[PDB]
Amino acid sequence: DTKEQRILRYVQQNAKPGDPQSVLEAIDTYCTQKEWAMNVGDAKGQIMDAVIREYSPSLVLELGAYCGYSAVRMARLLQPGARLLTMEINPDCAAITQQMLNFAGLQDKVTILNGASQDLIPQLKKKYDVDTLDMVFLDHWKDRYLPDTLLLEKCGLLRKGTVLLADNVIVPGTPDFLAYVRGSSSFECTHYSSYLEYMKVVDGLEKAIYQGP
């Protein structure tokens, strides 16, 4: 089996069905004690929580589900009726994410889409009936943060006040994205310094609030 399968099994055997907090704690324990994995982690996850609670978004898009850690973390704080769409290119990870969400009891709040963000983003309006997004969490291939931001704008998916929250702006880093948003009058940016998941290595999140064209 793969590391992602091992994380899923660990959750199923060490968390309580229907209890998202227990799911997060199980993943963080496994990744601290057994095998590192690229989940956002508890340090950065607490910053994410604080953001989600501030904005109470009704429709969130996540680019890069992986095993569903951040999807569980965000979806557990959404208000009744609010929804998360998450895009994952790797089909094995998409399946693990769906099972993770099912275990956590969050499947009715989240839609996990298996595919490349650049192909799925242009379908969101017509196929998935999206008007505009309240929040976007960027956590996919670091090279894709900037092109996919520009694509979201082109497709009319951003509105005044849409919150972009980007993981890994230090490690591995996303230098073109970061330079772009920090230099653009269309975004108001804030940097949240933190640590790489499960490591004593500095990392951070960037929040970039869209201001319109």
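A residue's number is simply how far along the shown sequence it sits, counting from 1.
Student: Looking at the entry, does 110-118 or 91-99 show the higher mean C-alpha B-factor?
Tutor: Comparing 110-118 with 91-99, the higher average CA B-factor belongs to 110-118.
Student: Which wins on mean Cα temperature factor, 81-89 or 138-146?
Tutor: Of 138-146 and 81-89, the stretch with the higher C-alpha B-factor average is 81-89.
Student: Mind checking which third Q12 falls in for C-alpha B-factor across the chain?
Tutor: Middle third - that is where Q12 ends up once the chain's C-alpha B-factors are sorted.
Student: Can you work out whether the C-alpha temperature factor of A43 puts it in the lowest, middle or highest third of the chain?
Tutor: According to the entry, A43 has a C-alpha B-factor in the chain's middle third.
Student: Determine, from the deposited record, the chain-internal third of the Cα B-factor for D1: lowest, middle or highest.
Tutor: Ranked within chain, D1 CA B lands in the highest tercile.
Student: Would you mind checking where the Cα B-factor of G68 ranks among the modelled residues of its chain, as the lowest, middle or highest third?
Tutor: According to the entry, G68 has a C-alpha B-factor in the chain's middle third.
Student: By its CA B factor, does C31 count among the lowest, middle or highest third of the modelled residues in the chain?
Tutor: For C31, the deposited C-alpha B-factor lands in the highest third.
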